[PDB]
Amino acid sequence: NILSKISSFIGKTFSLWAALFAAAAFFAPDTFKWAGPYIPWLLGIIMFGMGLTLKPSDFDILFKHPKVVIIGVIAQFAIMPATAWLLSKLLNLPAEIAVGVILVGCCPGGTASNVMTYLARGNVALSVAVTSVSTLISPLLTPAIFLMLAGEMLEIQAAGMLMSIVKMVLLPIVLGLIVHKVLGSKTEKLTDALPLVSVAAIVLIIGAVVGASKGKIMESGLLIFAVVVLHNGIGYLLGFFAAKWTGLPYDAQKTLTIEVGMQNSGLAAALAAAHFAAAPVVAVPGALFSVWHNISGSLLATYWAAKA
């Protein structure tokens, strides 16, 4: 009874706990630095969890309303990478920061958009369908768009990103999805444990990244945070207008706004740690985005839940 309520609070106060661990790692780097080589395994557990909660019925909307899901997928991969490039150009960001921002923008959407849409009284089915499709196609789209925006000079790194996404995202999702088919309704007991496990895995990624880049956060941390807010914020703005201008209903307009603005920034932190390890600042936009988008996502979801 107490253990279940503890998980409920932690989930409903995530951003605060993520901010506390990021702060703990900042003032004391050695507290989390050990988790650095575990980043792929940690993200691998989060992705296993996503697939475990996935069922073939979650793709119903993709077969019944394919144009609506396709608009959401296009919005995601056109808006977030282009906004990351535009902000990198307009703010003349140092190359390492620009690469970290572009990486975040090229990532697929985050699963927390599903919960935020539910609170925003949006179309939940659509949110789940957009995140899942954009995630399943991310092994090809994430490095291809990264390559076009960051430059063809990072070919080697982008090719390695394809392999990294297959291993940390695709391999665990499919596995989870087949385990749900194998056990059926029995997977509910496993899915009760995942919110706390997933929160523990992500705070360790955040902690490990902040710790490894303390010096770079000390000189550029505020600039990265300002870009994160503008990247995510503009993502909500263009997301809303993309849903509105395509003639989508109000429920779909709220889902796509959140979908676009919210990113799988834990993947961006994982890809920067695996492929730009000698430059710890590349993983910083991803680590700070993971804390920020949950704060901005909840505030926007609260405004809509209060309106509806």
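Residue positions are given as counts along the sequence shown, with the first one as 1.
Enquirer: Read off the CA B-factors in the entry, average them over 151-159 and over 83-91, and name the higher stretch.
Expert: Higher of the two, by average CA B-factor, is 83-91.
Enquirer: Looking only at CA atoms, which has the higher mean B factor in the entry: 272-280 or 250-258?
Expert: Mean C-alpha B-factor is greater for 250-258.
Enquirer: Considering only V197, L136, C106, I224, which residue's Cα atom bears the greatest B-factor as recorded?
Expert: Answer for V197, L136, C106, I224: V197, with the highest C-alpha B-factor.
Enquirer: Whose CA atom has the top B-factor in the entry, of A78, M218, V210, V99?
Expert: Spelled out: the listed residue with the top C-alpha B-factor is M218.
Enquirer: Which third of the chain holds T187 when residues are ordered by C-alpha B factor: lowest, middle or highest?
Expert: Its C-alpha B-factor belongs to the highest third of this chain's values.
Enquirer: Taking the chain's C-alpha temperature factors as the reference, tell me which third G266 falls into: lowest, middle or highest.
Expert: For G266, whose C-alpha B-factor we compare with every modelled residue in the chain, the answer is the lowest third.
Enquirer: When the deposited Cα B-factors of this chain's modelled residues are ordered and cut into thirds, is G233 in the lowest, the middle or the highest one?
Expert: Middle third, going by the recorded CA B-factors of the chain.
Enquirer: Which third, lowest, middle or highest, does the C-alpha temperature factor of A287 belong to within its own chain?
Expert: It falls in the bottom third of the chain.
Enquirer: By its CA B factor, does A144 count among the lowest, middle or highest third of the modelled residues in the chain?
Expert: Lowest third of the chain for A144's C-alpha B-factor.
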